[PDB]
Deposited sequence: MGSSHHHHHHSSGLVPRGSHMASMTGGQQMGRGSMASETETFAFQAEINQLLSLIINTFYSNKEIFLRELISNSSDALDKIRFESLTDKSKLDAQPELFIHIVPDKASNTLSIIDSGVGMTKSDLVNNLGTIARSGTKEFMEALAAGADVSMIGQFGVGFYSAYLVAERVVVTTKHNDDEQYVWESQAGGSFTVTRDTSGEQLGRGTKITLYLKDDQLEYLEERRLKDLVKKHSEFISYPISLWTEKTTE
């Protein structure tokens, strides 16, 4: 049926990506704290609307963050019970939105506070976001950071019912972040100190 609406990137978002990706960072580990942030924020926002209305939390009436390395697909996934996004929050907040502090965060850096979501693309060549808000259906956002992304209505297969799953497809050199030592440490590490619980799940072979 083609629920995919293919869009193109902000001109400045492109710059923002070019900064991140095309600068070798010793520690690209920044990205994880960056994602767990936006997740805490999402759990925080749903926890809020959950006072004014209790029909909200009913979806998954528990607030969690899951981290799944999967060596099959070489992906690292981040999963919360948080607010989620509508097609609008997808097409509007992810791709078309310059996060708070301007790219002059980094633009003046030619001459971390925080990078946010886009920090993901230093360890991954590709990323897919599967999300469920309450007022809207489940949508799927995907980009290779090649100056266009795609948003697709996903009414089929499995639903979270609420919240968001970010799955990043790691670059061939970046697979260290599929490791349990690497990650168990990083759980307990920067942004372990936080409101919600963090489960790391790994496959025993």
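Participant: What portions of the deposited sequence, indexed from 1, have no corresponding C-alpha atom in the structure?
Facilitator: Missing CA coords at 1-35, 147-154, 249-250.
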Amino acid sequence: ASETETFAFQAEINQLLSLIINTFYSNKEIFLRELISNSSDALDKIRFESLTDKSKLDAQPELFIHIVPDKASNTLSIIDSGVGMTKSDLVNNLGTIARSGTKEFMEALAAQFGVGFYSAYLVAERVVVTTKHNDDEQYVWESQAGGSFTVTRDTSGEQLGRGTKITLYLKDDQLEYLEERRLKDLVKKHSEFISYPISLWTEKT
From here on, numbers count along this sequence of modelled residues.
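Participant: Going by the B-factors listed in the PDB entry, is the mean over the C-alpha atoms higher for 50-58 or for 174-182?
Facilitator: The stretch with the larger mean CA B-factor is 50-58.
Participant: Higher mean Cα B-factor in the deposited model: 149-157 or 164-172?
Facilitator: So the stretch with the higher mean C-alpha B-factor is 149-157.
Participant: Choose from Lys87, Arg99, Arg126, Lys71 the residue with the greatest Cα B-factor as stated in the PDB record.
Facilitator: Among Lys87, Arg99, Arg126, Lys71, the PDB entry lists the largest C-alpha B-factor for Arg99.
Participant: Is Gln138 in the lowest, middle or highest third of its chain when residues are ranked by C-alpha B-factor?
Facilitator: Tercile = lowest for this residue's CA B-factor.
Participant: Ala1's Cα B-factor: lowest, middle or highest third of the chain?
Facilitator: It falls in the top third of the chain.
Participant: Quick one: classify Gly116 as lowest, middle or highest third of the chain based on its Cα B-factor.
Facilitator: Middle third of the chain for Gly116's C-alpha B-factor.
Participant: Within this chain's modelled residues, let me know which third the CA B factor of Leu76 belongs to: lowest, middle or highest.
Facilitator: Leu76: CA B-factor falls in the lowest third of its chain.
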